[PDB]
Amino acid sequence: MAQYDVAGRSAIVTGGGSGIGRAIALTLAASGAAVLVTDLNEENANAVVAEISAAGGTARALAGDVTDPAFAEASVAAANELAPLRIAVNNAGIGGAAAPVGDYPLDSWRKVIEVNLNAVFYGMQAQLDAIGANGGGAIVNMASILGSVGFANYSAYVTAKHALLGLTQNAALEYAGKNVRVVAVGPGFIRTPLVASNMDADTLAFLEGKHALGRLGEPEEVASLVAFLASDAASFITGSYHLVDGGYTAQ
């Protein structure tokens, strides 16, 4: 029955070709937003767009690299051709190398910062004024539970996700006058294709034990919160961080 007040506008979803991004794109499009699915992986972005269109929705794909500042602008222009851009979801991300801080490779550190932080910033530089010019709207940045707590051996990821909370607060303060809301979502561990394809059973049980609900989350359980926060029903929600974590951070 869930329906989101997101129609009459376009939405960018970065990393939209799989997992959480796919779920976000499907959920927004099923409630009437015209979705621009961007992803580095063209096959995946095209597949999600085909699912949306087959279900009666409106979407277009644009394959490219969010670490190129020009791609952020190309994404905004493409979305505006569908309908006025009023939602952007900065979701693309990478996990990085597993290594303690002292041993973390410099190129992996810089790569994780570049994708998980700087590409969000590049996206927002294109998105903020564009959404303001369309009467306001919402930017949802995909942080993590690791935007507020740590997790050994993934310091670059944790650091970048913490950084996003501040970028979110600042843009919220600066663009409130144009009615551009900016929020961050913090998922716990989610069962996506990487998890069910590569995670060993001992690892899974260990992670499940850290969530009070005793399971990993599902992509659709993140997408619902994103779609809500992107919608007109969330019109007084800005600057804030919203956990969807099964109780992970409550202990």
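Quick note: we count residues from 1 along the sequence shown, nothing fancier.
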Mean C-alpha B-factor comparison - 92-100 and 134-142, higher one: 92-100
Residue stretch of maximal mean CA temperature factor, 204-212 vs 182-190: 204-212
Deposited CA B-factor, highest of 29, 37, 223, 55: 55
Member of 72, 171, 87, 163 with the greatest C-alpha B factor (per the PDB record): 72
Residue 127 CA temperature factor, ranked by third within the chain: lowest
Lowest, middle or highest third - CA B-factor, residue 167: lowest
Record-listed C-alpha B factor of residue 80: chain third: highest
Residue 7 - which third its CA temperature factor falls in, relative to the rest of the chain: middle
Third of the chain's Cα B-factor distribution that residue 156 belongs to, per the entry: middle
